[PDB]
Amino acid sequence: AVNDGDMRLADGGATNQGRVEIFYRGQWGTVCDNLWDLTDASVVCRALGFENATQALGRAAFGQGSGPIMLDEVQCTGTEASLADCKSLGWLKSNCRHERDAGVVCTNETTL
């Protein structure tokens, strides 16, 4: 049971870090690192149940993903439930390639 805006971290080794992947209308895709910051990273981490983000990484730090680039130039206030609720260029709007895939490092506790 997955809905639009649902997220997951991949290829991180641990469960509290990885490449950010997000669901939309039936498929998973990645997020471009343009303007990717710590406030954006904390929205992902808290949604996934961690206390906070410690690092917002870009340039496919956890490897390049596959699928469409879902979001780009994400500007969160920090109080959002999902990256889908943050300001961005809109779903599927991006000129980036997977080598720009954004990632995060969250707290163990449960610029670009």
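So that there is no doubt, residue numbering starts at 1 and follows the sequence shown.
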Practice problem: Would you mind checking whether any residues of the deposited sequence sit unmodelled between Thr110 and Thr111, and how many (none, 1 to 3, 4 to 9, 10 or more)? | Solution: 4 to 9
Quiz prompt | Segment of higher mean CA temperature factor, 9 to 17 or 94 to 102 | solution = 9 to 17
Quiz item: Mean CA B-factor: is it higher for 25 to 33 or for 49 to 57?
Solution: 49 to 57
Quiz item: In this PDB entry, which of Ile69, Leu38, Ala81, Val74 has the top CA B-factor?
Solution: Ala81
